[PDB]
Amino acid sequence: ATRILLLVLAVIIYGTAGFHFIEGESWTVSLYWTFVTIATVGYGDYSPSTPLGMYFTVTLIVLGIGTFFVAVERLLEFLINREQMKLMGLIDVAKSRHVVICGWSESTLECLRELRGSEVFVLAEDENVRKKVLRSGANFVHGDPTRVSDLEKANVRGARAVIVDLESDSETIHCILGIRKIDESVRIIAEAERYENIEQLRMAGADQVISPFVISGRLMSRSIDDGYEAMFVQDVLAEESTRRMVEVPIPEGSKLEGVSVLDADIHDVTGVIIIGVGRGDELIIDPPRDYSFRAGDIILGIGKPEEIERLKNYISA
Amino acid sequence: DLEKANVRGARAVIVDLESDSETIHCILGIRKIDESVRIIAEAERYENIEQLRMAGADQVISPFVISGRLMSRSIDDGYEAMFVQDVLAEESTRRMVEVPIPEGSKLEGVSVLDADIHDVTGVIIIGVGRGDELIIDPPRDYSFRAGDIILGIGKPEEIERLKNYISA
Amino acid sequence: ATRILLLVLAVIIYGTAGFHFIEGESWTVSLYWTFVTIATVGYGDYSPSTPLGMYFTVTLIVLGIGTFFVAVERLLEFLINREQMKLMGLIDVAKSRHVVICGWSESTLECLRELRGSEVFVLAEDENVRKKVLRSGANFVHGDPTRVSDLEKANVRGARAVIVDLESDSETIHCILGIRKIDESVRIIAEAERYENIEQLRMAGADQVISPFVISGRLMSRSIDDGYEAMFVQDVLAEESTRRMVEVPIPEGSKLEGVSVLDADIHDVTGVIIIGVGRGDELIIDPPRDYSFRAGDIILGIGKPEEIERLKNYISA
Amino acid sequence: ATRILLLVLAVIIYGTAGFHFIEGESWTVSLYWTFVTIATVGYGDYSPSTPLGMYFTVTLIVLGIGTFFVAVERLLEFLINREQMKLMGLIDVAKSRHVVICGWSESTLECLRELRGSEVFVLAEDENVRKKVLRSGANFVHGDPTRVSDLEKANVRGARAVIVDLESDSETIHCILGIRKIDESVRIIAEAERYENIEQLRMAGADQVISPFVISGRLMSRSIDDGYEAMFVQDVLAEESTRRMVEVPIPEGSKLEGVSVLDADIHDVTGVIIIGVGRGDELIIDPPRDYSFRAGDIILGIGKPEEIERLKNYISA
Amino acid sequence: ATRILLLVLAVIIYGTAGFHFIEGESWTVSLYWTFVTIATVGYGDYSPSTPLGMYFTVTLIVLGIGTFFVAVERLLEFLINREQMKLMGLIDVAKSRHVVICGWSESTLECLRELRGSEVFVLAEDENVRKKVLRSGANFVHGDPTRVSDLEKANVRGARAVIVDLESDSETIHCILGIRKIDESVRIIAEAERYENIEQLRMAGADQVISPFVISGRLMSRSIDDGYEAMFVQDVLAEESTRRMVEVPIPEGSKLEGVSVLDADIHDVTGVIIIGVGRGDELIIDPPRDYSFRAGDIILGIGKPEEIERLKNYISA
Ligand SMILES: [C][C][C][C][C]N([C][C][C][C][C])([C][C][C][C][C])[C][C][C][C][C]
Ligand SMILES: [K+]
Ligand SMILES: [K+]
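Residues numbered from 1 in each chain as written, not as in the entry; some residues may be left out. Chains lettered and ligands numbered in written order. Part of a larger assembly, values for the part shown. Heavy atoms only, no water.

This entry lists cryo-EM as its structure determination method and reports a resolution of 2.88 Å.

Printed below as a string of structure tokens:
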């Protein structure tokens, strides 16, 4: 630790005092000679001719070599210990705008393909998960997501968003309760498995709940005969082969602040089917004709990629 | 073992196994047994959708892909997730309905533009499908026939009105 | 090992003898020149002008570089081997006032929050336990607590106290029998699971036995109707929301040595309910009125944090 | 990363400018003195006599030692991290004529005894497989053979051949479908277990299918009474005790291009039983008498090792 | 590998040739100056005054630093790789008088307390066995004892003795068959579990067979009523509380070569009960009176430790 610095100054005092009172040189010269001898620069312009001084250099050289080996001994121990700890997690996140993911599955792998790698930290405990996370370019933190103490290691207090996807709904509910105990304003996205636990996640404090098993079950039972709505879901929400559901905000000005939806006539002018308007953390599906657009509103619609561009320029001032 | 379950001569077969490899193998075996049976499979990885389609699956569902795309897009806004969760999972207010067109009921030979379905029933017409093919957002130069299926979103009070409107 | 030191002196003899009998310099100069050449200080005031001496320096330099690389080869091997061993335990405890914990559970995690980290050594064998111990700030020793040979690795002979909490009561009894075979005076604290094994731990040599499963079972069966005593236990022994059970010793003097419990009137003067007195490794619950306090006695009572201070100053001389 | 190079040039500018404007030496001398001071060569022919210059050397030496320790700090971190990654796979194959083996079993061990070690890369995921591969002299790549992303890590696009042998036929079929999605021309050799899946491997795109379980089952049921054909298979295809099945190509010229099989009379002249001819990725078992040899044809036959040599020289021009 | 040596000589040629043809010094001086510049000794008695030579030193110094860093890069990679391999076995035994132990159990731990640590190599494959072996002071080799290839890694061909104790008798028989295929003269000691497999181990080639389960089963069924013979076995063969069974050879001379057992009267003179005589790899239990001792014979007897000494001096010439 700090004992190395004390040892370095100890040998400096011994070299400077001995050379000063043996060769009769000045203090500014003895200090200069000590630094050019320990560093082994060796200018040789102030060599000690006295045989007693020669033995003083021999013991000074021995101490110089010893202080070099202890410096390497401490440096090697610090680096080996730090790399072993960092390899298996056991570290504290220092970022302040990262995204924390609790658990690891195929859905969490899908969302990494649309986000940065160094910005995402994965909090898990299994040994096999660590190798999968590393191959994806993300960061791995070793801990228990249901433990409040381990939730502070990932630094969820200053996190941009938290995504919870664990093995069971019991662990998902417990993880959300622990996050709300630390930070009451962070955004939480959670995945549900059973239909009965959808309301339990909202009571825990989840901002958005996604239930992929419920959606898949209903589509299976309704695709036995015709299954036309399963084609719409697969080709728009999953594959985006020809259509895509997008949400574009209304900027300041936007040439249409105040006009009604009927007057705008978005579908005929652009070609995008309007689903709803996002007025302040709520969705108004199929808004009435007397709805007037405002600033900062979000329009949800479905359209071709060459028609969405026709809409963004249409709402741009 | 697939012959013990009597997969030959059935309404449909639903395949949902622990991995995509087992699903592909099961679909291949079913196609070996019966060639005309309807198969509904579930995909886990995005890269295996085309593999399932080539194996012989008639309908492929990928909930993991949908969940991952909604997770990454809900960080900032998350309004699409609200729509999906309210119209496909919970069906709290609206739900997607597919109502077939019966024979000779007020709609044989009428175009989309003069049908005015949305302004008289309130159901948003997502698309119309005929012959295992879905036409999303049909153009006004389209004619309704007997047997066509209309895919739309509306309240239960509006679905009944639409069904009455499409009745003879 | 020690072959490095022999090699270092071997090259010193070769350099000093060759320079002495070739350049004609004195022994005190040849020894000085050898040390300023191997260390690569290079004053240059005694350079060998003879071409034969120049070749003698070339072979001396080659040996100097070789001895430097073998020194680094041995240092690196020693550090890498030591860090790999220490990472997975495999070390002997050298402390003499530490606390040894056998096994790992939630109860042992609770007692670490009231003790030092570097003072506690955990003796376990599972791989997952090692990571939990490290995150708590304690030290991990790899061994079998039921093995007497591994009990000496943790140095239980000179331990301040030993806490035993294993997976089964069979292992807890076996561990206590092994500790009493090494040291017959060390203090042992053990946790029991079954009610029938409470006496078996005392016969093995356990000084204090704690049975949390028996206490929890009786409270569950008596809390079906009213459960008022469960509120007392939870609010005093577990949470300490408003009350706390404390034990304060009687120092020398203490202004009350010799007075009776009736004369003291602790409850009215202070406000702490007196439960018993700890007279020499025994508890006298509800002492009689004819009980006279002595020096070194311990009073067990329940009171508010602002009333316990009123009692400590009342018994302080 | 690249911050080390910037730091090295930073201290060079400080040393050169200070010595130039303090000791009055030329720029070509200050640059020469800076390089002979940081490297600690120390010629000593331009020592600074000015006491202010001596303090300038002291701070220059301190920066020289600091830049040396940061260079070792970065070198050690790079080497330790790289060795830890390479030890457990997590690397990308850069070869372009290697052989990729998916899975590990006894059959894949048999084919390694007839191939090079550094030319073969094994793609697996189990921890115990890695040690077996290393003892065989091959290379280990950590990944999932059924994952297309991990199939590109092994670089199957530019592979000489791919051998697939996994735990189940479901995984074998899935692996072949993933290889054909990357490269449509690479040669795939796969092993089947069930007889019903032999055609499924060919539809997936396997060039050669081997079914050892089907061959062994038929031999077991036909060896109950006599089992003479099992002796032929074991002594020719497995052990090669006295016979061996070989295929020799027909080179350009070959003294027999155009002659019929009847005219050649291979069996009487040489002593090798002729089984078939490999005319362009097909096998003609027992060719008719009107078959004329061509250039590049392959003859499949059974004969003693001293008779195969009699055949190769017989077909050599 | 060997590319480092080529690089070291490459920079030597560049430094020597440039200094020779620029400063006009002799070849023996240019070679001397090159070695005192790369090693950074820096005598400074042949500094290049020419400015062109100064730039030649700058590029020579840069190459000197580069060759030093590549030497450290190769040394570090060699040491880190070797230590990682040696830590988890993966090494070949080079000893020629060691003892090889196949498998690990409590019986094999008992025999290590009477043998050297560095002389014993344990051949196993489990991960938990490696830590137990290291704590006992023995050496661990990673391999499969039933594999002939792994039996040559432990070097059983030149082994003093081999001890086989595996999980099942099927593996014990298979291991012995593999040892006899390598070396037909090495001594094999094997432990049997089932009584029916005692003869199977002898047919495999085991020199000595020990069956602890059979001995324990018979003692259990005969100790229900009295069990006096179990006391004899426990107090003589296991604990040696007061008696001990010993075998002492007859040296050359021995003052009794040729006398009969009746004439010797060992029991009355010494006090040791004579059980048998080991005449050439056979045991004659209760020898007849007409038995005459020879040279090299071994006497098996039971006696107190103070009576065995009375026998060794009685048979010593
Ligand atoms: C080749 C060889 C060389 C070496 C030298 N050094 C110096 C350093 C000092 C600092 C303090 C080392 C020495 C040690 C003792 C012997 C290094 C250098 C490198 C470059 C800079
Ligand atoms: K130096
Ligand atoms: K120097």
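1. Quick look at the overall build of chain B
Where we set the bar: Runs of H or I in DSSP of at least four residues are treated as helices and runs of E of at least two as strands, each being numbered from the N terminus. The globule rule is 2.2 Å times the number of residues to the power 0.38, and the radius of gyration it is compared with is taken over C-alpha atoms. Residue burial is assigned from relative accessible area. The probe radius is 1.4 Å, only protein chains are included, and a residue is buried under 20% of its type maximum, exposed over 50%, and partly exposed in between. Residue burial considers only the protein chains on display, and all accessible areas are found by Shrake-Rupley using a 1.4 Å probe.
When helices and strands are tallied, chain B shows seven helices and seven strands. Shown N-terminal to C-terminal, the secondary structure of chain B runs as helices and strands in the order β-α-β-α-β-α-α-β-α-α-β-β-β-α. Relative to the 2.2 N^0.38 estimate, which gives 15 Å for 168 residues, the radius of gyration of chain B is 20 Å and therefore markedly larger than a compact globule would have. Reported as C-alpha extents along the three principal axes, the dimensions of chain B are approximately 55 × 45 × 30 Å. The buried share of chain B, taken over its 168 residues, is 55%. Accessible surface, chain B as shown: approximately 7,800 Å² in total, 45% of it carbon and sulfur.

2. Topic: the site of ligand 1
For the record, the criterion: It suffices for a single heavy atom of a residue to lie within 4 Å of a molecule or strand for the residue to be listed as near it.
By nearness alone, 13 residues border ligand 1, and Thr40(A), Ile65(A), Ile65(D), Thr40(E) and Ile65(E) come closest of all. More than one chain reaches ligand 1: its neighbouring residues belong to chains A, C, D and E. Relative to its unbound accessible area of 590 Å², ligand 1 is 85% covered by the protein chains. Secondary structure elements with two or more residues in the shell around ligand 1: α3 (51-87) of chain C, α3 (51-87) of chain D together with α3 (51-87) of chain E.

3. Some thoughts on the environment of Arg130(B)
Using the following cut-off: Two residues qualify as a contact provided that any one of their heavy atoms is within 4.5 Å of a heavy atom in the partner residue. Between N or O atoms, a polar contact is any pair within 3.5 Å; within protein, one atom must be a potential hydrogen donor and the other a potential acceptor, and residues adjacent in sequence are included only when both atoms are from side chains.
As for its placement among the helices and strands, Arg130(B) is situated in the loop between β5 (124-129) and β6 (134-136). The spatial distance from the C-alpha of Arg130(B) to the C-alpha of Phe144(B) is 9.9 Å, given a sequence separation of 14 residues. Not counting residues within four places of it along the chain, the set of residues in contact with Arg130(B) comprises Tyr228(A), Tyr142(B), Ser143(B), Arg145(B) and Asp148(B). A polar contact is formed between the side chain of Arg130(B) and the side chain of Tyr142(B), at a distance of 2.8 Å. Polar side-chain contacts of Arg130(B) include one of 2.6 Å to the side chain of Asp148(B).

4. Comments concerning the coordination of the potassium ion (ligand 3)
This is how it is decided: Listed donors are limited to N, O and S atoms within 2.8 Å of the metal, widened to 3.2 Å for Na, K and Ca; water is not among them, so incomplete-looking sites are possible.
Only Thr40(A) (O), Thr40(C) (O), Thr40(D) (O) and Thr40(E) (O) from the protein coordinate the potassium ion (ligand 3), and they sit 2.9 Å from it. Between the two metals, the potassium ion (ligand 3) and the potassium ion (ligand 2), the spacing is 3.9 Å, and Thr40(A) donates to both. You can see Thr40(C) sitting in the loop between α2 (27-38) and α3 and its partner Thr40(D) sitting in the loop between α2 (27-38) and α3, one on each of two chains. Under the relative-accessibility criterion, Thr40(C) is labelled buried at 18%.

5. Regarding the interface of chain A and chain B
Put simply, the rule is: Summed over both partners, the accessible surface that disappears when two parts come together, traced with a 1.4 Å probe, is what is meant by buried area. What makes a salt bridge here is a side-chain nitrogen of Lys or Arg within 4 Å of a carboxyl oxygen of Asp or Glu, nothing more. Amino acids are sorted into nonpolar (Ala, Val, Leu, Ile, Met, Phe, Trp, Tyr, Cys and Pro), charged (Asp, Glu, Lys and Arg) and polar (every other residue, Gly among them).
At the junction of the two partners, chain A supplies 65 residues and chain B supplies 62 residues. Between chain A and chain B the total buried area reaches about 6,300 Å² when both faces are included, carbon and sulfur atoms providing 60% of it. Its largest share of buried area at the contact with chain B, chain A owes to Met220(A), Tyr228(A) and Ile285(A), together 11% of the area lost on that side. With a closest N to O distance of 3.9 Å, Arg140(B) and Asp268(A) form a salt bridge. One can count 22 residue pairs in polar contact joining chain A with chain B. Considering each element in turn, the side of chain A that touches chain B owes the most residues, eleven residues, to helix α10 (residues 228-238) of chain A. Class assignment of the residues belonging to the side of chain A that touches chain B gives a composition of 32 nonpolar, eleven polar and 22 charged.

6. Observations concerning helix α5 (residues 127-136) of chain D
What α5(D) keeps buried is the set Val129(D), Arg130(D), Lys131(D) and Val133(D). Residues of α5(D) that are buried sit in contact with α3, β2 (120-124) and β3 (139-142) of chain D together with β3 (139-142) of chain E. Measuring from the backbone nitrogen of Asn128(D) back to the side-chain oxygen at the start of α5(D) gives 3.2 Å, which picks out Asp126(D) as the cap. The positive-phi residue at the C-terminal boundary of α5(D) is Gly137(D), with phi of around 90°.

7. A word on the sheet that holds strand β10 (residues 298-303) of chain E
All names here are of chain E. Rules: Pairing between two strands requires that DSSP report at least two bridges joining them.
With respect to topology, four strands assemble into an open sheet ordered β7-β10-β8-β9, the strand pairing being antiparallel. Looking at which strands have only one partner, the edges of the open sheet turn out to be β7 (244-249) and β9 (284-285). As paired strands, strand β8 (residues 273-277) and β9 are joined by two bridges and run antiparallel to one another. Looking at β9, one finds that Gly 276 is bridged to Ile 285.

8. What about the packing of aromatic side chains?
Residues and elements named next belong to chain A. Note the cut-off: For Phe, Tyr and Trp, where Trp contributes only its six-membered ring, two rings pair if their centres lie within 6.5 Å, and the inter-plane angle classes them as stacked under 30 degrees, edge-to-face over 60, or tilted in between.
Within the structure shown, the criterion is met by 38 aromatic pairs over all chains. Judged by centre distance (6.0 Å) and plane angle (85°), the ring pair of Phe 68 and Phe 69 falls under edge-to-face. By relative accessible area, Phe 68 is classed as partly exposed at 33%. Taking the relative accessible area as the measure of exposure, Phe 69 reaches 24% and is therefore partly exposed.

9. Thoughts on the interface of chain B and chain D
Reports of interface size often rely on the accessible area that becomes lost once the parts have come together. On the side of chain D, 13 residues touch chain B, which itself brings twelve residues to the contact. Together, the buried faces of chain B and chain D total about 1,100 Å²; carbon and sulfur atoms form 47% of this surface. Looking only at chain B, the three residues that lose the most surface to chain D are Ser21(B), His25(B) and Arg45(B), adding up to 47% of its buried area. For the pair chain B and chain D, the number of links is two salt bridges. In this structure, the salt-bridge partner of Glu50(B) is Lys181(D), at a minimum N-O distance of 3.6 Å. Connecting chain B to chain D are four residue pairs in polar contact. Going through the elements one at a time, α1 (20-33) and α2 (49-55) of chain B are the ones with two or more residues in the side of chain B that touches chain D. Sorting elements by how many residues they give to the side of chain B that touches chain D places α1(B) first, with seven residues. Residues belonging to the side of chain B that touches chain D are distributed by class as follows: two nonpolar, four polar and six charged.

10. Here's the deal with the pattern of salt bridges
Pairing of side chains with opposite charge becomes possible as their charged atoms draw close. Residues and elements named next belong to chain A. Under the defined criterion, the tally for this structure stands at 67 salt bridges over all chains. In this structure, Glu 199 engages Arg 202 in a salt bridge whose closest nitrogen and oxygen atoms are separated by 3.2 Å. Within this pair, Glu 199 and its partner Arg 202 are both found in helix α8 (residues 198-204), separated by three residues, close to a single helical turn. The class for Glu 199 is partly exposed, based on a relative accessible area of 45%.

11. Here we look at the UniProt feature "transmembrane region" in chain A
Residue and element names in this part refer to chain A. Quick note on the threshold: UniProt positions are given in the numbering used here, feature names are shortened, and annotations may be inferred rather than shown by experiment.
The positions that UniProt labels "transmembrane region" are, in the present scheme, residues 2-22 and 51-76. Along residues 2-22, the helical share is 95% and the strand share 0%, with 31 Å between the first and last C-alpha atoms. Secondary structure across residues 51-76 comprises 100% helix and 0% strand; the distance between its end C-alpha atoms is 38 Å.

12. A short note on the sheet that holds strand β8 (residues 273-277) of chain D
Strands pair in a sheet through their backbones, by hydrogen bonds, and they do so in one of two ways: parallel or antiparallel. Residues and elements named next belong to chain D. Formally: Each axis is a line fitted through C-alpha atoms, and for a helix only the stretch in contact is used; angles between axes span 0 to 180 degrees, taken between their N-to-C directions.
In space, the four strands of this open sheet follow the order β7-β10-β8-β9, with antiparallel pairing throughout. Each edge of the sheet is formed by a strand with only one pairing partner; in this case those strands are β7 (244-249) and β9 (284-285). Of the pairings in the sheet, the one linking β8 to strand β10 (residues 298-303) comprises four bridges and is antiparallel in character. Following the sheet pairing, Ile 273 is matched in β10 by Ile 302. Helix-sheet contacts for helix α13 (residues 305-312) involve β7 and β10, and the interaxial angle to β7 is about 10°.

13. A short note on the UniProt feature "domain: RCK N-terminal" in chain A
The sites that carry the UniProt feature "domain: RCK N-terminal" are, in the present numbering, residues 96-211 of chain A. In this annotation, residues 96-211 of chain A is assigned 38% helix and 21% strand; the end-to-end C-alpha distance for the span is 29 Å.

14. Concerning the packing of helix α1 (residues 3-23) of chain E against helix α2 (residues 27-38) of chain E
Residues and elements named next belong to chain E. What counts is decided by this rule: Geometric relationships in this document are graded by angle, where less than 35 degrees denotes roughly parallel, more than 145 denotes roughly antiparallel, 65 to 115 denotes roughly perpendicular, and other angles denote oblique. Left-handed describes a crossing whose near helix is turned anticlockwise from the far helix through less than a right angle; right-handed describes the clockwise counterpart.
α2 packs onto α1 with a crossing angle of 130° between their chain directions and a minimal axis gap of 8 Å. Of the possible angle classes, the one that applies to α1 and α2 is oblique. Like other packed secondary-structure pairs, α1 and α2 cross with a definite hand, here right-handed. Along the contact surface, α1 presents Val 11, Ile 12, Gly 15, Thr 16, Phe 19, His 20 and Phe 21, while α2 presents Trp 27, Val 29, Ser 30, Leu 31, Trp 33, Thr 34, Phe 35 and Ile 38. Across the contact of α1 with α2, the residue classes tally to ten nonpolar, five polar and no charged.

15. Details of the nonpolar core
Spelled out, the test is: Nonpolar cores are built from buried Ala, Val, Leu, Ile, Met, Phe, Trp, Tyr and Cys residues. Side-chain atoms within 4.5 Å join them into one set.
By size, the foremost hydrophobic cluster in this structure holds 52 residues, and its most contacted members are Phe232(A), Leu237(A), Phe83(B) and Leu88(B). With six residues, the top contributor of residues to this core is α10(A). Aside from chain neighbours lying at most four places away, what touches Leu237(A) is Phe232(A), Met245(A), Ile66(B), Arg69(B), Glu80(B), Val84(B) and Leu88(B). One finds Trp33(A), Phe19(C), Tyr32(C) and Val41(C) within the second-largest nonpolar core, a separate group that totals 48 residues.

16. Notes on the UniProt feature "binding site: Ca(2+)" in chain B
Residues given the UniProt feature "binding site: Ca(2+)" here are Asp16(B), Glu42(B) and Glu44(B). Sequence-wise these annotated residues cover 29 residues; spatially they are packed, their C-alpha atoms never more than 9.7 Å apart. Among the structural elements, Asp16(B) can be located in the loop between β1 (13-15) and α1. Residue class for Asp16(B) comes out partly exposed when judged on its relative accessible area of 47%. By secondary structure assignment, the location of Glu44(B) is in the loop between β2 (39-42) and α2. Beyond its immediate stretch of four places on either side in the chain, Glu44(B) contacts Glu106(A), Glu18(B), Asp20(B), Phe64(B) and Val65(B).

17. Here's the deal with the side chain of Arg180(C)
Tracing the backbone through its elements, the reader meets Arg180(C) in helix α7 (residues 169-182). If we ignore the near neighbours within four places in the chain, the residues touching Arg180(C) are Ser185(C), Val186(C), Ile188(C), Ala204(C), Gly205(C) and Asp207(C).

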